[PDB]
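In the structure tokens that follow, a single protein chain appears in two forms: structure 1, then structure 2.
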Structure 1
């Protein structure tokens, strides 16, 4: 399965994996350190288990010799956490406090797992809670359906305007903004979306369960 948690410095090298980038700009690494060491509570990652987060190959623990046979060897001897997504987040630091999604990325093979959504909800909540951010703005190109749906529909960003010919190729942009309120961003708000019990944090959970089971 997939795990969702807060990014740390130990994640930033894993973020460079070519499976996470459409076009590779690997000179951004100091910029990544800069995020993680300036806003250390704002960024989140999605992970599965691995031996080397930098290895792009589906590495089969039960077939090593095939790796040696591929030249992955030292010519001398014979026989962790990968990111499947992440959100890199900052406060605007160049004006009410506002946050900025520097980078949102999910492996295509981990599509349809709700990863971009789960990551963004954590990031939005963090921006409000940790930095008291008042809003997040961004632009989306007119043809980028996945992104439009995620921000406008799933995350309920408001569309302020269509920026005409925003892009050099003539494409319009959707200028979007989400006003951040802590009570509205609480992750428990969305636990039953598109489908309602919740933990009250005061009840004795294990006791209540034992008593409920007694009914039947």
Structure 2
């Protein structure tokens, strides 16, 4: 199954690999180090997991492997806006990149990664809004970010990506369900 957790620098080599496989927009390691070492509580990864059973023990020499029986399938790379010009501006975050292996779609991973990312920005950095870019032809992403995560389309940036495609710049400002009360004993009856 898929595990969701906070990222550390032990993930960035594989994160680079995911990016290199899933996207044309690529960065050198130092750019990942820059993120993970500046905002160490903001980016999250989705990995596979191999739990011990009551009945894959070594790491495969494979560029997607984070650890024995654990390979990266997705990540959301996040930062706060650290442009000096906007130093006076209210604190805001940016989704540098979000990627999920297509073979792992229809599982809510991208959304899960995002919901954590957004909360991390709100809690750890008191971010007042967050923004990101998607390709115009990306309807799934548009749907996810706007219809599910309530982002708004702020601008349409012409010729944003390398191949000349236009981007949608999106931004977002930051009941009685059943839930653990965190007191009562979970076991009964």
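Superpose the two forms; the largest set of C-alphas matching within 1.5 Å is the rigid core. Residue numbers count along the first chain shown, from 1.
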Align both forms on the core first, then report whether residue 174 has a C-alpha shift of 2 Å or more between structure 1 and structure 2.
yes
Once you overlay the rigid core, does the Cα of residue 159 travel 2 Å or further between structure 1 and structure 2?
yes
Please say whether, between structure 1 and structure 2, the C-alpha of residue 142 moves by 2 Å or more once the core is aligned.
yes
Once the rigid core is superposed, tell me how far the Cα of residue 16 moves between structure 1 and structure 2, in Å to one decimal.
2.3
By how many angstrom is the Cα of residue 117 displaced between structure 1 and structure 2 when the rigid core is overlaid?
0.1
Inter-form CA displacement between structure 1 and structure 2 at residue 50 - rigid core frame, Å:
8.0
